[PDB]
């Protein structure tokens, strides 16, 4: 059924598809000078008319952005200058490799790359950064490799995570969006330069893009119909005919049944992939809510069954599992180990009126996740103080499957923060999970720019080596904070750290200022803009830097929180306060990676650590967090946004660690940094509840300039076994909620399974582990990232 589809692409390397990039380029190279949203819309039409449409074997819904099997899509507007080396490197890349046929290689070199030579966003961004910033961003003059210090993330995705107002599609259809746009055009003053230049072309872009997705849908209806006529098996012939009927109706017209709603949404989400490379892949919204009217009505009218609806969802996810986010740059790839994806599916939470939103579909999605073997969908469960008992129990049972699903997002942290930044309560209460851990208001959010990922572990190294890093030798990178062995008090060391920290923040905000102004000259999002109230009201593409009435919620990342906290905690305690070792002795111990210095290494590992509800380390964490909250509060208004400190790592803590030498917390050189706001590996020796408490102690709830923190916690199977274990997990989630923590997600595994899977990859090919907001096959992960997963403390008693 779905296992039949699943057997068809099992254990196959994804291929790179080129049709979208080819026809995008054929259109774009013919429209130079025209308004970018209009060019994008004409290209989407050109794609809609010329790219291959697929009706896939055994499927009940149709729509692809690429070829049979697992595939990815090319985005030359973003990083087309990487196409040459991606041809050479992608098939053999150690992590997340992609195969490329010779035929598709020829189109890239011959039909795609030439136009984009000298026109990509990454070429423009590399030239746009001033030298002081460039040295902290890239390792070479053409910005082909990051230095993993002040890491910009705008050059390996079109935008950050996004959630469409899919329900708008289901209720109105794209023909309705188009007619609104025509009426708006008719109301313009034809004498007005602003109407003629700022209003008309945007609205014309909306009209075309509506015609584009509809024409694309109707080409499926035709293909399905032609197949139905030649189909000999009656059962399949009725299904093909059903496809021809539904796709002739949606997404042009509002959906009439649950099946149409799935296909309408599926069409919208696939075309979204064709339009742009959304960060983490475009997300899916509160499906258990906006599907509910269709599900409820069909269920009552015998049109659908509990099993039949569950079959259609599985049809949707096997398709999602065939689309792989393609990162052709080495920075993008190392941020996204194991074919990383986060097409967040939100279930549960509250309605816009503050009532609990659990419905039967909520439980179906949970069950759907528990019985679909792939690590799809990216299930995110909303928690609030009145989350029902049965719901939390079912959340706990899903967690105890061991695959890491679902991740938990806390209404009690998001809703107050979002109303404090201008959201009506209805908008905040109705938020969707997006990407790793983010909250989105699909008609109020307007910010789309990838933000800095900052390796603050390197900032600490630059204190130890007075502006330099061992990885980069004598390169003049950071502030000349002075010879650390010349510091007489702890306060001088801390100030040294503070100076490096503000240098990185300062660097990052200059990056974002340039990025936010630059992106609008390279990226447009006409289909996404047509589903956004403010875009339509003010005639502005989503990627415009400022949109009236919008709220801009963006990010800068703190990487290595636990690593830095413990290192600083050790230095303060062991070097300055207890004077158990001198600065030179510590530095000497670091310089030789503790080889021959195992005694100091153990001594350093004995100081107070983050994640133990220990105020000695937790006060250091709070002061480090305060630096980023207060910086954001002060300097974000200049950028017309909320640029908030966030602790969501992707898989960057691996490459960020690969460039940071041995640190005062006892961590070995070049190994992964601590993840998100989790405790540093094996530093939580007081149980799992103290991790939640240290996360609380390390925040600054007196100010609003904060976003998510990603928290990874691992239980052993014994610790959560049985009804008593389910009750503990449920209660632990209630405490997480009460503490106003943003996110939590769990692995449930024995250490020996991870070790065995390293010692025998072929045997444990299907082992799935939760990494950072997503799950992947353990055997696809690099040794360094495996070591991150292994060294995470497994809690046995909770």
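Numbering follows the first chain given and starts at 1.
Legend: mean Cα B-factor per stretch from the PDB entry, 453-461 versus 591-599; the higher mean is in 591-599.
Comparing 644-652 with 475-483, the higher mean C-alpha B-factor in the PDB entry belongs to 475-483.
In the PDB entry, the Cα temperature factor peaks, among 556, 635, 372, 291, at 372. Sorting 549, 343, 139, 165 by the CA temperature factor given in the entry leaves 139 at the top.
In the PDB entry, residue 54 places in the highest third of its chain by CA B-factor. The deposited CA B-factor of residue 740 belongs to the lowest third of values across its chain. Placement of the Cα temperature factor of residue 27 within the chain: lowest third of the modelled residues, per the deposited record. Among the modelled residues of its chain, residue 61 has a C-alpha B-factor that falls in the middle third according to the deposited record.
Among the modelled residues of its chain, residue 790 has a C-alpha B-factor that falls in the middle third according to the deposited record.
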